[PDB]
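With compact mmCIF, N, CA, C and O atoms inside, this is structure14.txt:
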```txt
# COMPACT_ATOMS: atom_id res chain seq x y z
N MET A 1 0.85 -1.22 0.00
CA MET A 1 0.00 0.00 0.00
C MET A 1 0.87 1.25 0.00
O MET A 1 0.94 1.96 -1.00
N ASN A 2 1.53 1.51 1.12
CA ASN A 2 2.42 2.66 1.22
C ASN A 2 3.86 2.20 1.29
O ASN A 2 4.15 1.07 1.67
N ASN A 3 4.77 3.09 0.90
CA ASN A 3 6.20 2.81 0.91
C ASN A 3 6.95 4.09 0.62
O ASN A 3 6.82 4.65 -0.48
N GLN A 4 7.71 4.58 1.59
CA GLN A 4 8.48 5.80 1.40
C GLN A 4 9.52 5.59 0.31
O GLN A 4 10.06 4.49 0.15
N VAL A 5 9.78 6.64 -0.45
CA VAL A 5 10.71 6.56 -1.55
C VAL A 5 12.14 6.69 -1.07
O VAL A 5 12.39 6.90 0.12
N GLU A 6 13.07 6.56 -1.99
CA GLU A 6 14.48 6.65 -1.68
C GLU A 6 14.87 8.12 -1.49
O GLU A 6 14.33 9.01 -2.14
N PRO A 7 15.82 8.37 -0.58
CA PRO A 7 16.17 9.73 -0.16
C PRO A 7 17.12 10.42 -1.13
O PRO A 7 17.60 9.82 -2.10
N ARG A 8 17.37 11.70 -0.88
CA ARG A 8 18.30 12.46 -1.69
C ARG A 8 19.61 12.62 -0.93
O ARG A 8 19.61 12.82 0.28
N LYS A 9 20.72 12.53 -1.65
CA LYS A 9 22.04 12.58 -1.04
C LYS A 9 22.50 14.04 -0.91
O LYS A 9 22.15 14.88 -1.73
N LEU A 10 23.25 14.33 0.14
CA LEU A 10 23.77 15.67 0.34
C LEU A 10 25.29 15.67 0.43
O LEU A 10 25.90 14.80 1.06
N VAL A 11 25.91 16.64 -0.22
CA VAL A 11 27.35 16.79 -0.21
C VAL A 11 27.74 18.13 0.39
O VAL A 11 27.09 19.14 0.14
N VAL A 12 28.78 18.14 1.19
CA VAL A 12 29.30 19.38 1.75
C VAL A 12 30.66 19.70 1.14
O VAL A 12 31.63 18.96 1.33
N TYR A 13 30.72 20.78 0.39
CA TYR A 13 31.97 21.22 -0.22
C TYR A 13 32.78 22.02 0.79
O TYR A 13 32.26 22.91 1.46
N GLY A 14 34.06 21.70 0.90
CA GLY A 14 34.92 22.39 1.84
C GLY A 14 36.39 22.25 1.50
O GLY A 14 36.74 21.88 0.38
N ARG A 15 37.24 22.56 2.46
CA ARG A 15 38.68 22.45 2.29
C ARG A 15 39.37 22.31 3.64
O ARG A 15 39.22 23.18 4.51
N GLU A 16 40.10 21.22 3.82
CA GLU A 16 40.85 20.95 5.05
C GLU A 16 39.92 20.84 6.26
O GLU A 16 38.69 20.79 6.11
N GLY A 17 40.50 20.77 7.44
CA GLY A 17 39.71 20.66 8.65
C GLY A 17 39.24 22.01 9.16
O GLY A 17 40.00 22.72 9.82
N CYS A 18 38.01 22.37 8.84
CA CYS A 18 37.42 23.61 9.31
C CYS A 18 36.35 23.32 10.36
O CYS A 18 35.62 22.33 10.25
N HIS A 19 36.27 24.16 11.38
CA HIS A 19 35.31 23.97 12.46
C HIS A 19 33.88 23.98 11.96
O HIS A 19 33.08 23.13 12.35
N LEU A 20 33.55 24.93 11.09
CA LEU A 20 32.20 25.02 10.54
C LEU A 20 31.80 23.73 9.83
O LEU A 20 30.65 23.31 9.89
N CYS A 21 32.77 23.09 9.18
CA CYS A 21 32.53 21.80 8.54
C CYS A 21 32.14 20.76 9.59
O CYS A 21 31.12 20.09 9.46
N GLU A 22 32.94 20.68 10.65
CA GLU A 22 32.70 19.74 11.74
C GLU A 22 31.34 19.99 12.40
O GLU A 22 30.59 19.04 12.67
N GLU A 23 31.03 21.26 12.64
CA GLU A 23 29.77 21.64 13.27
C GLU A 23 28.59 21.23 12.39
O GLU A 23 27.59 20.71 12.88
N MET A 24 28.72 21.45 11.08
CA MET A 24 27.67 21.07 10.14
C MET A 24 27.57 19.56 10.03
O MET A 24 26.47 19.02 9.92
N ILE A 25 28.71 18.87 10.06
CA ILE A 25 28.72 17.42 10.05
C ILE A 25 27.91 16.89 11.23
O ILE A 25 27.04 16.04 11.06
N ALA A 26 28.18 17.42 12.42
CA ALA A 26 27.44 17.03 13.61
C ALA A 26 25.95 17.33 13.44
O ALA A 26 25.10 16.52 13.82
N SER A 27 25.65 18.48 12.85
CA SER A 27 24.27 18.87 12.59
C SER A 27 23.58 17.88 11.66
O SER A 27 22.46 17.43 11.92
N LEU A 28 24.27 17.52 10.58
CA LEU A 28 23.72 16.62 9.57
C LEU A 28 23.65 15.19 10.09
O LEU A 28 22.76 14.43 9.70
N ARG A 29 24.58 14.82 10.96
CA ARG A 29 24.56 13.49 11.58
C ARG A 29 23.31 13.33 12.43
O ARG A 29 22.70 12.26 12.46
N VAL A 30 22.94 14.40 13.13
CA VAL A 30 21.71 14.41 13.90
C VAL A 30 20.50 14.32 12.98
O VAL A 30 19.57 13.55 13.23
N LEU A 31 20.53 15.10 11.90
CA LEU A 31 19.44 15.08 10.92
C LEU A 31 19.32 13.72 10.25
O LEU A 31 18.21 13.27 9.97
N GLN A 32 20.45 13.05 10.03
CA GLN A 32 20.48 11.73 9.42
C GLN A 32 19.67 10.71 10.22
O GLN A 32 19.25 9.68 9.69
N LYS A 33 19.45 11.00 11.49
CA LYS A 33 18.65 10.13 12.34
C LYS A 33 17.16 10.27 12.02
O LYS A 33 16.39 9.32 12.15
N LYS A 34 16.79 11.47 11.59
CA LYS A 34 15.41 11.75 11.20
C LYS A 34 15.22 11.49 9.71
O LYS A 34 14.26 10.85 9.29
N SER A 35 16.16 12.00 8.94
CA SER A 35 16.11 11.93 7.49
C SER A 35 17.49 11.59 6.94
O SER A 35 18.43 12.35 7.12
N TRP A 36 17.61 10.44 6.30
CA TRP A 36 18.89 10.02 5.75
C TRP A 36 19.17 10.74 4.44
O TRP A 36 18.31 10.80 3.57
N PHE A 37 20.37 11.28 4.31
CA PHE A 37 20.77 11.95 3.08
C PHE A 37 22.25 11.74 2.81
O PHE A 37 22.84 12.40 1.96
N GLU A 38 22.84 10.79 3.53
CA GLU A 38 24.27 10.53 3.47
C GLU A 38 25.08 11.77 3.83
O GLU A 38 24.53 12.82 4.17
N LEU A 39 26.39 11.64 3.81
CA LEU A 39 27.27 12.77 4.08
C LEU A 39 28.60 12.61 3.37
O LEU A 39 29.37 11.70 3.67
N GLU A 40 28.87 13.50 2.43
CA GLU A 40 30.11 13.45 1.68
C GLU A 40 30.78 14.82 1.68
O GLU A 40 30.19 15.81 1.24
N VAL A 41 31.99 14.88 2.20
CA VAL A 41 32.76 16.11 2.23
C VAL A 41 33.80 16.10 1.12
O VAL A 41 34.70 15.25 1.10
N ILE A 42 33.67 17.04 0.19
CA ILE A 42 34.54 17.08 -0.97
C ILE A 42 35.41 18.33 -0.95
O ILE A 42 34.92 19.45 -0.75
N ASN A 43 36.70 18.13 -1.15
CA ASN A 43 37.68 19.21 -1.16
C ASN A 43 37.59 20.00 -2.45
O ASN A 43 37.79 19.45 -3.54
N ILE A 44 37.29 21.29 -2.35
CA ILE A 44 37.20 22.14 -3.53
C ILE A 44 38.55 22.73 -3.89
O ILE A 44 38.74 23.24 -4.98
N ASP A 45 39.49 22.67 -2.94
CA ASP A 45 40.83 23.23 -3.15
C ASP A 45 41.49 22.66 -4.40
O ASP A 45 42.18 23.38 -5.12
N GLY A 46 41.25 21.38 -4.66
CA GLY A 46 41.75 20.77 -5.88
C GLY A 46 40.99 21.25 -7.10
O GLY A 46 41.58 21.70 -8.08
N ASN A 47 39.66 21.17 -7.03
CA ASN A 47 38.81 21.60 -8.14
C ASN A 47 38.60 23.10 -8.11
O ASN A 47 37.70 23.61 -7.45
N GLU A 48 39.44 23.82 -8.85
CA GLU A 48 39.38 25.27 -8.89
C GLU A 48 38.08 25.76 -9.53
O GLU A 48 37.67 26.90 -9.34
N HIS A 49 37.42 24.88 -10.28
CA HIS A 49 36.08 25.17 -10.80
C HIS A 49 35.10 25.36 -9.64
O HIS A 49 34.29 26.29 -9.65
N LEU A 50 35.19 24.49 -8.65
CA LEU A 50 34.34 24.59 -7.47
C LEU A 50 34.75 25.79 -6.62
O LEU A 50 33.90 26.47 -6.04
N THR A 51 36.04 26.04 -6.56
CA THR A 51 36.57 27.20 -5.85
C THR A 51 36.10 28.50 -6.50
O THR A 51 35.81 29.48 -5.83
N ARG A 52 35.98 28.48 -7.82
CA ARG A 52 35.47 29.62 -8.56
C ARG A 52 34.02 29.89 -8.18
O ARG A 52 33.58 31.04 -8.11
N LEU A 53 33.28 28.81 -7.93
CA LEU A 53 31.89 28.91 -7.52
C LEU A 53 31.76 29.41 -6.09
O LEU A 53 31.03 30.36 -5.81
N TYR A 54 32.49 28.77 -5.18
CA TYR A 54 32.30 29.02 -3.76
C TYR A 54 33.47 29.79 -3.15
O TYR A 54 33.30 30.93 -2.72
N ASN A 55 34.66 29.17 -3.16
CA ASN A 55 35.88 29.73 -2.54
C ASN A 55 35.67 30.09 -1.07
O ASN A 55 35.95 29.28 -0.19
N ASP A 56 35.14 31.28 -0.82
CA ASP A 56 35.00 31.81 0.53
C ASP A 56 33.71 31.30 1.17
O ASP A 56 33.63 31.12 2.38
N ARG A 57 32.72 31.04 0.34
CA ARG A 57 31.46 30.54 0.83
C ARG A 57 31.46 29.03 0.73
O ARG A 57 30.74 28.45 -0.08
N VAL A 58 32.32 28.41 1.53
CA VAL A 58 32.40 26.99 1.54
C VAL A 58 31.37 26.42 2.49
O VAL A 58 30.21 26.82 2.40
N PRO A 59 31.76 25.62 3.51
CA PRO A 59 30.99 24.48 3.94
C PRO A 59 29.60 24.41 3.31
O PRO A 59 28.58 24.54 3.98
N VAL A 60 29.58 24.20 1.99
CA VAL A 60 28.36 24.36 1.21
C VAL A 60 27.61 23.06 1.10
O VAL A 60 28.16 22.03 0.70
N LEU A 61 26.34 23.11 1.46
CA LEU A 61 25.50 21.93 1.46
C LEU A 61 24.81 21.81 0.10
O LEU A 61 23.86 22.54 -0.21
N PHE A 62 25.32 20.89 -0.70
CA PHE A 62 24.86 20.68 -2.07
C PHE A 62 23.83 19.57 -2.12
O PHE A 62 23.99 18.52 -1.49
N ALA A 63 22.77 19.79 -2.90
CA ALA A 63 21.70 18.82 -3.05
C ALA A 63 21.97 17.89 -4.22
O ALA A 63 21.92 18.30 -5.38
N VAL A 64 22.28 16.65 -3.91
CA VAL A 64 22.50 15.63 -4.93
C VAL A 64 21.16 15.02 -5.33
O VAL A 64 20.22 15.03 -4.53
N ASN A 65 21.08 14.51 -6.56
CA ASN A 65 19.82 14.01 -7.13
C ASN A 65 18.91 15.19 -7.44
O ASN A 65 17.69 15.05 -7.56
N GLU A 66 19.53 16.35 -7.59
CA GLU A 66 18.83 17.59 -7.85
C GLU A 66 19.78 18.58 -8.51
O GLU A 66 19.40 19.33 -9.42
N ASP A 67 21.03 18.58 -8.03
CA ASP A 67 22.12 19.34 -8.63
C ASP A 67 21.93 20.85 -8.41
O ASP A 67 21.81 21.62 -9.36
N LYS A 68 21.88 21.25 -7.14
CA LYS A 68 21.78 22.66 -6.78
C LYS A 68 22.31 22.87 -5.36
O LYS A 68 22.37 21.93 -4.57
N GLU A 69 22.70 24.10 -5.04
CA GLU A 69 23.11 24.44 -3.69
C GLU A 69 21.89 24.73 -2.82
O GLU A 69 20.94 25.36 -3.28
N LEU A 70 21.92 24.25 -1.58
CA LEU A 70 20.84 24.53 -0.64
C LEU A 70 21.30 25.56 0.38
O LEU A 70 20.79 26.68 0.44
N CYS A 71 22.28 25.16 1.17
CA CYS A 71 22.77 25.99 2.25
C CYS A 71 24.29 26.05 2.22
O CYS A 71 24.93 25.49 1.33
N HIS A 72 24.86 26.73 3.20
CA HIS A 72 26.31 26.86 3.32
C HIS A 72 26.69 26.86 4.78
O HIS A 72 25.86 26.55 5.63
N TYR A 73 27.96 27.18 5.06
CA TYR A 73 28.46 27.31 6.43
C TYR A 73 27.43 27.99 7.32
O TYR A 73 26.85 29.01 6.93
N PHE A 74 27.22 27.41 8.51
CA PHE A 74 26.14 27.81 9.41
C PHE A 74 24.81 27.32 8.86
O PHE A 74 24.20 27.96 8.01
N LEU A 75 24.39 26.15 9.36
CA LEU A 75 23.22 25.45 8.85
C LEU A 75 21.96 26.30 8.99
O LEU A 75 21.66 26.81 10.07
N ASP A 76 21.21 26.45 7.90
CA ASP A 76 19.96 27.20 7.93
C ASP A 76 18.86 26.33 8.52
O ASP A 76 17.96 26.83 9.18
N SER A 77 18.97 25.03 8.26
CA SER A 77 18.03 24.02 8.75
C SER A 77 16.66 24.13 8.08
O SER A 77 16.14 23.13 7.57
N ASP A 78 16.09 25.32 8.07
CA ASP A 78 14.76 25.55 7.50
C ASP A 78 14.69 25.10 6.04
O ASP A 78 13.77 24.39 5.65
N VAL A 79 15.68 25.51 5.26
CA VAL A 79 15.71 25.21 3.83
C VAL A 79 15.83 23.71 3.56
O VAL A 79 15.03 23.15 2.81
N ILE A 80 16.81 23.04 4.18
CA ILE A 80 16.96 21.61 3.97
C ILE A 80 15.79 20.85 4.62
O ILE A 80 15.44 19.76 4.19
N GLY A 81 15.19 21.44 5.64
CA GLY A 81 14.01 20.85 6.24
C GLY A 81 12.85 20.81 5.26
O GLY A 81 12.17 19.79 5.14
N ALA A 82 12.65 21.92 4.56
CA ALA A 82 11.62 22.01 3.53
C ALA A 82 11.95 21.12 2.34
O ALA A 82 11.07 20.70 1.59
N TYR A 83 13.23 20.84 2.18
CA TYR A 83 13.73 20.06 1.05
C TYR A 83 13.71 18.56 1.33
O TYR A 83 13.08 17.79 0.60
N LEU A 84 14.38 18.15 2.39
CA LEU A 84 14.62 16.74 2.66
C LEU A 84 13.34 16.03 3.11
O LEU A 84 13.07 14.90 2.68
N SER A 85 12.55 16.70 3.93
CA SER A 85 11.37 16.08 4.51
C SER A 85 10.38 17.14 4.97
O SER A 85 10.64 18.34 4.83
```
Represent the supplied structure as C-alpha cells.
Amino acid sequence: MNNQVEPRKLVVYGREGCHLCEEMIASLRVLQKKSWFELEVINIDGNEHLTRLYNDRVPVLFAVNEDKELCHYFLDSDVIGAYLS
C-alpha cells in the first residue's frame, strides 16, 4: 500500500579541517537520524572550478539528485528541512 521513496544525497563542499565543517557534520549526523541523506565532504581546493563557484562561501550543502546548492556554512536548517522532509 504505502512505501516511502528513496532519499536524496547531500554533499558538503569544503577544504581541510574547518570547524564550521565539523559543526555542520554534527548537525547533519543528527538530521540523518530523522532523514537520511548521506554525508560526503569534498575538497574544492583541488577543483578550482568549485573554488570559482564558492571559494569563501564553503561548507556548502549541495543537493545531490537535484544538482543545486541549498545551504552553506552555518546550517539554515529551514531550507533543507523544507527540502529533505
- Can you list, as an MDAnalysis selection string, every protein, DNA or RNA residue that comes within 7 Å of residue 14 of chain A when you count all atoms listed in the file, leaving out same-chain residues fewer than 2 positions away? chainID A and resid 12 16 41:46 58:60
Take the residues from that selection and write them out as a PDB file, keeping the file's coordinate frame, keeping N, CA, C and O atoms.
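Saved to part_7.pdb:
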```pdb
ATOM      1  N   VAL A  12      28.780  18.140   1.190  1.00  0.00           N
ATOM      2  CA  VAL A  12      29.300  19.380   1.750  1.00  0.00           C
ATOM      3  C   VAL A  12      30.660  19.700   1.140  1.00  0.00           C
ATOM      4  O   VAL A  12      31.630  18.960   1.330  1.00  0.00           O
ATOM      5  N   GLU A  16      40.100  21.220   3.820  1.00  0.00           N
ATOM      6  CA  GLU A  16      40.850  20.950   5.050  1.00  0.00           C
ATOM      7  C   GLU A  16      39.920  20.840   6.260  1.00  0.00           C
ATOM      8  O   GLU A  16      38.690  20.790   6.110  1.00  0.00           O
ATOM      9  N   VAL A  41      31.990  14.880   2.200  1.00  0.00           N
ATOM     10  CA  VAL A  41      32.760  16.110   2.230  1.00  0.00           C
ATOM     11  C   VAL A  41      33.800  16.100   1.120  1.00  0.00           C
ATOM     12  O   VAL A  41      34.700  15.250   1.100  1.00  0.00           O
ATOM     13  N   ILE A  42      33.670  17.040   0.190  1.00  0.00           N
ATOM     14  CA  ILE A  42      34.540  17.080  -0.970  1.00  0.00           C
ATOM     15  C   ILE A  42      35.410  18.330  -0.950  1.00  0.00           C
ATOM     16  O   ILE A  42      34.920  19.450  -0.750  1.00  0.00           O
ATOM     17  N   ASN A  43      36.700  18.130  -1.150  1.00  0.00           N
ATOM     18  CA  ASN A  43      37.680  19.210  -1.160  1.00  0.00           C
ATOM     19  C   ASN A  43      37.590  20.000  -2.450  1.00  0.00           C
ATOM     20  O   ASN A  43      37.790  19.450  -3.540  1.00  0.00           O
ATOM     21  N   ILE A  44      37.290  21.290  -2.350  1.00  0.00           N
ATOM     22  CA  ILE A  44      37.200  22.140  -3.530  1.00  0.00           C
ATOM     23  C   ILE A  44      38.550  22.730  -3.890  1.00  0.00           C
ATOM     24  O   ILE A  44      38.740  23.240  -4.980  1.00  0.00           O
ATOM     25  N   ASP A  45      39.490  22.670  -2.940  1.00  0.00           N
ATOM     26  CA  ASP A  45      40.830  23.230  -3.150  1.00  0.00           C
ATOM     27  C   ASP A  45      41.490  22.660  -4.400  1.00  0.00           C
ATOM     28  O   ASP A  45      42.180  23.380  -5.120  1.00  0.00           O
ATOM     29  N   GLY A  46      41.250  21.380  -4.660  1.00  0.00           N
ATOM     30  CA  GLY A  46      41.750  20.770  -5.880  1.00  0.00           C
ATOM     31  C   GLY A  46      40.990  21.250  -7.100  1.00  0.00           C
ATOM     32  O   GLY A  46      41.580  21.700  -8.080  1.00  0.00           O
ATOM     33  N   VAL A  58      32.320  28.410   1.530  1.00  0.00           N
ATOM     34  CA  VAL A  58      32.400  26.990   1.540  1.00  0.00           C
ATOM     35  C   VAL A  58      31.370  26.420   2.490  1.00  0.00           C
ATOM     36  O   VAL A  58      30.210  26.820   2.400  1.00  0.00           O
ATOM     37  N   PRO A  59      31.760  25.620   3.510  1.00  0.00           N
ATOM     38  CA  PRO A  59      30.990  24.480   3.940  1.00  0.00           C
ATOM     39  C   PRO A  59      29.600  24.410   3.310  1.00  0.00           C
ATOM     40  O   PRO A  59      28.580  24.540   3.980  1.00  0.00           O
ATOM     41  N   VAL A  60      29.580  24.200   1.990  1.00  0.00           N
ATOM     42  CA  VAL A  60      28.360  24.360   1.210  1.00  0.00           C
ATOM     43  C   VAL A  60      27.610  23.060   1.100  1.00  0.00           C
ATOM     44  O   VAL A  60      28.160  22.030   0.700  1.00  0.00           O
TER      45      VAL A  60
END
```
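Atom pair atom O of residue 34 of chain A / atom CA of residue 71 of chain A has a distance of 18.7 Å (rounded to one decimal).
For residue 61 of chain A, the non-local neighbours within 5 Å, defined as residues at least 4 positions apart in the same chain or in other chains and counting all atoms listed in the file, are residues 11, 12, 68, 69, 70, 71 and 72 of chain A.
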Next, write the just-selected residues to a file, as a short mmCIF file (atom, residue, chain, number, x, y, z; two decimals), keeping the file's coordinate frame, keeping N, CA, C and O atoms as the atom set.
```cif
data_model
loop_
_atom_site.label_atom_id
_atom_site.label_comp_id
_atom_site.auth_asym_id
_atom_site.auth_seq_id
_atom_site.Cartn_x
_atom_site.Cartn_y
_atom_site.Cartn_z
N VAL A 11 25.91 16.64 -0.22
CA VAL A 11 27.35 16.79 -0.21
C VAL A 11 27.74 18.13 0.39
O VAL A 11 27.09 19.14 0.14
N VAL A 12 28.78 18.14 1.19
CA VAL A 12 29.30 19.38 1.75
C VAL A 12 30.66 19.70 1.14
O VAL A 12 31.63 18.96 1.33
N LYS A 68 21.88 21.25 -7.14
CA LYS A 68 21.78 22.66 -6.78
C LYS A 68 22.31 22.87 -5.36
O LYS A 68 22.37 21.93 -4.57
N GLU A 69 22.70 24.10 -5.04
CA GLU A 69 23.11 24.44 -3.69
C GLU A 69 21.89 24.73 -2.82
O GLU A 69 20.94 25.36 -3.28
N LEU A 70 21.92 24.25 -1.58
CA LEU A 70 20.84 24.53 -0.64
C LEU A 70 21.30 25.56 0.38
O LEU A 70 20.79 26.68 0.44
N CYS A 71 22.28 25.16 1.17
CA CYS A 71 22.77 25.99 2.25
C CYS A 71 24.29 26.05 2.22
O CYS A 71 24.93 25.49 1.33
N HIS A 72 24.86 26.73 3.20
CA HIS A 72 26.31 26.86 3.32
C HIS A 72 26.69 26.86 4.78
O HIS A 72 25.86 26.55 5.63
#
```
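Taking atom C of residue 20 of chain A and atom O of residue 73 of chain A as endpoints, the distance between them is 7.8 Å.
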Per-residue DSSP, chain A, filtered to strand (DSSP E), as a PDB file with N, CA, C and O atoms, keeping the file's coordinate frame:
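Result file is part_29.pdb:
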```
ATOM      1  N   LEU A  10      23.250  14.330   0.140  1.00  0.00           N
ATOM      2  CA  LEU A  10      23.770  15.670   0.340  1.00  0.00           C
ATOM      3  C   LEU A  10      25.290  15.670   0.430  1.00  0.00           C
ATOM      4  O   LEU A  10      25.900  14.800   1.060  1.00  0.00           O
ATOM      5  N   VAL A  11      25.910  16.640  -0.220  1.00  0.00           N
ATOM      6  CA  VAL A  11      27.350  16.790  -0.210  1.00  0.00           C
ATOM      7  C   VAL A  11      27.740  18.130   0.390  1.00  0.00           C
ATOM      8  O   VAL A  11      27.090  19.140   0.140  1.00  0.00           O
ATOM      9  N   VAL A  12      28.780  18.140   1.190  1.00  0.00           N
ATOM     10  CA  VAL A  12      29.300  19.380   1.750  1.00  0.00           C
ATOM     11  C   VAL A  12      30.660  19.700   1.140  1.00  0.00           C
ATOM     12  O   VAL A  12      31.630  18.960   1.330  1.00  0.00           O
ATOM     13  N   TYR A  13      30.720  20.780   0.390  1.00  0.00           N
ATOM     14  CA  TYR A  13      31.970  21.220  -0.220  1.00  0.00           C
ATOM     15  C   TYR A  13      32.780  22.020   0.790  1.00  0.00           C
ATOM     16  O   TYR A  13      32.260  22.910   1.460  1.00  0.00           O
ATOM     17  N   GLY A  14      34.060  21.700   0.900  1.00  0.00           N
ATOM     18  CA  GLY A  14      34.920  22.390   1.840  1.00  0.00           C
ATOM     19  C   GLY A  14      36.390  22.250   1.500  1.00  0.00           C
ATOM     20  O   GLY A  14      36.740  21.880   0.380  1.00  0.00           O
ATOM     21  N   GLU A  40      28.870  13.500   2.430  1.00  0.00           N
ATOM     22  CA  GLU A  40      30.110  13.450   1.680  1.00  0.00           C
ATOM     23  C   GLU A  40      30.780  14.820   1.680  1.00  0.00           C
ATOM     24  O   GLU A  40      30.190  15.810   1.240  1.00  0.00           O
ATOM     25  N   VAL A  41      31.990  14.880   2.200  1.00  0.00           N
ATOM     26  CA  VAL A  41      32.760  16.110   2.230  1.00  0.00           C
ATOM     27  C   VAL A  41      33.800  16.100   1.120  1.00  0.00           C
ATOM     28  O   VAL A  41      34.700  15.250   1.100  1.00  0.00           O
ATOM     29  N   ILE A  42      33.670  17.040   0.190  1.00  0.00           N
ATOM     30  CA  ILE A  42      34.540  17.080  -0.970  1.00  0.00           C
ATOM     31  C   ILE A  42      35.410  18.330  -0.950  1.00  0.00           C
ATOM     32  O   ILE A  42      34.920  19.450  -0.750  1.00  0.00           O
ATOM     33  N   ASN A  43      36.700  18.130  -1.150  1.00  0.00           N
ATOM     34  CA  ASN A  43      37.680  19.210  -1.160  1.00  0.00           C
ATOM     35  C   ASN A  43      37.590  20.000  -2.450  1.00  0.00           C
ATOM     36  O   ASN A  43      37.790  19.450  -3.540  1.00  0.00           O
ATOM     37  N   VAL A  60      29.580  24.200   1.990  1.00  0.00           N
ATOM     38  CA  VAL A  60      28.360  24.360   1.210  1.00  0.00           C
ATOM     39  C   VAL A  60      27.610  23.060   1.100  1.00  0.00           C
ATOM     40  O   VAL A  60      28.160  22.030   0.700  1.00  0.00           O
ATOM     41  N   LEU A  61      26.340  23.110   1.460  1.00  0.00           N
ATOM     42  CA  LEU A  61      25.500  21.930   1.460  1.00  0.00           C
ATOM     43  C   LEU A  61      24.810  21.810   0.100  1.00  0.00           C
ATOM     44  O   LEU A  61      23.860  22.540  -0.210  1.00  0.00           O
ATOM     45  N   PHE A  62      25.320  20.890  -0.700  1.00  0.00           N
ATOM     46  CA  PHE A  62      24.860  20.680  -2.070  1.00  0.00           C
ATOM     47  C   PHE A  62      23.830  19.570  -2.120  1.00  0.00           C
ATOM     48  O   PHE A  62      23.990  18.520  -1.490  1.00  0.00           O
ATOM     49  N   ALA A  63      22.770  19.790  -2.900  1.00  0.00           N
ATOM     50  CA  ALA A  63      21.700  18.820  -3.050  1.00  0.00           C
ATOM     51  C   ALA A  63      21.970  17.890  -4.220  1.00  0.00           C
ATOM     52  O   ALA A  63      21.920  18.300  -5.380  1.00  0.00           O
ATOM     53  N   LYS A  68      21.880  21.250  -7.140  1.00  0.00           N
ATOM     54  CA  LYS A  68      21.780  22.660  -6.780  1.00  0.00           C
ATOM     55  C   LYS A  68      22.310  22.870  -5.360  1.00  0.00           C
ATOM     56  O   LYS A  68      22.370  21.930  -4.570  1.00  0.00           O
ATOM     57  N   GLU A  69      22.700  24.100  -5.040  1.00  0.00           N
ATOM     58  CA  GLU A  69      23.110  24.440  -3.690  1.00  0.00           C
ATOM     59  C   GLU A  69      21.890  24.730  -2.820  1.00  0.00           C
ATOM     60  O   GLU A  69      20.940  25.360  -3.280  1.00  0.00           O
ATOM     61  N   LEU A  70      21.920  24.250  -1.580  1.00  0.00           N
ATOM     62  CA  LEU A  70      20.840  24.530  -0.640  1.00  0.00           C
ATOM     63  C   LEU A  70      21.300  25.560   0.380  1.00  0.00           C
ATOM     64  O   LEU A  70      20.790  26.680   0.440  1.00  0.00           O
ATOM     65  N   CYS A  71      22.280  25.160   1.170  1.00  0.00           N
ATOM     66  CA  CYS A  71      22.770  25.990   2.250  1.00  0.00           C
ATOM     67  C   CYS A  71      24.290  26.050   2.220  1.00  0.00           C
ATOM     68  O   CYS A  71      24.930  25.490   1.330  1.00  0.00           O
TER      69      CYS A  71
END
```
- Quote the spacing between atom CA of residue 5 of chain A and atom CA of residue 21 of chain A in Å to one decimal place. 28.5 Å
Do you know which residues are at most 4.5 Å from residue 9 of chain A counting only N, CA, C and O atoms, after dropping those on the same chain fewer than 6 positions away, and could you put them as a CSV table (one decimal) with N, CA, C and O atoms, in the frame of the given file?
```csv
chain,number,residue,atom,x,y,z
A,37,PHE,N,20.4,11.3,4.3
A,37,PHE,CA,20.8,12.0,3.1
A,37,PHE,C,22.2,11.7,2.8
A,37,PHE,O,22.8,12.4,2.0
A,62,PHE,N,25.3,20.9,-0.7
A,62,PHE,CA,24.9,20.7,-2.1
A,62,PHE,C,23.8,19.6,-2.1
A,62,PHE,O,24.0,18.5,-1.5
A,63,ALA,N,22.8,19.8,-2.9
A,63,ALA,CA,21.7,18.8,-3.0
A,63,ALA,C,22.0,17.9,-4.2
A,63,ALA,O,21.9,18.3,-5.4
A,64,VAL,N,22.3,16.6,-3.9
A,64,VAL,CA,22.5,15.6,-4.9
A,64,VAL,C,21.2,15.0,-5.3
A,64,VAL,O,20.2,15.0,-4.5
```
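Of the residues under consideration (A:10, A:26, A:3, A:81), A:10 shows the shortest atom-to-atom contact distance to residue 38 of chain A when counting all atoms listed in the file.
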Extending 6 Å beyond the listed atoms of segment 71-79 of chain A on each side, what axis-aligned box results? I want centre and edge lengths in Å to one decimal, as lines of an AutoDock Vina configuration file.
```
center_x = 21.1
center_y = 26.1
center_z = 5.6
size_x = 26.7
size_y = 17.9
size_z = 20.9
```
- Task: Apply DSSP to the structure's backbone, then extract all residues of chain A labelled alpha helix (DSSP H) and return them as a list in words.
- Result: residues 19, 20, 21, 22, 23, 24, 25, 26, 27, 28, 29, 30, 31, 32, 33, 34, 48, 49, 50, 51, 52, 53, 78, 79, 80, 81, 82, 83 and 84 of chain A
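Closest approach to residue 8 of chain A among A:67, A:49, A:54, A:77: A:67, based on only C-alpha atoms.
Here the question is which of A:7, A:50, A:66, A:80 gets nearest to residue 36 of chain A using only C-alpha atoms, and that residue is A:7.
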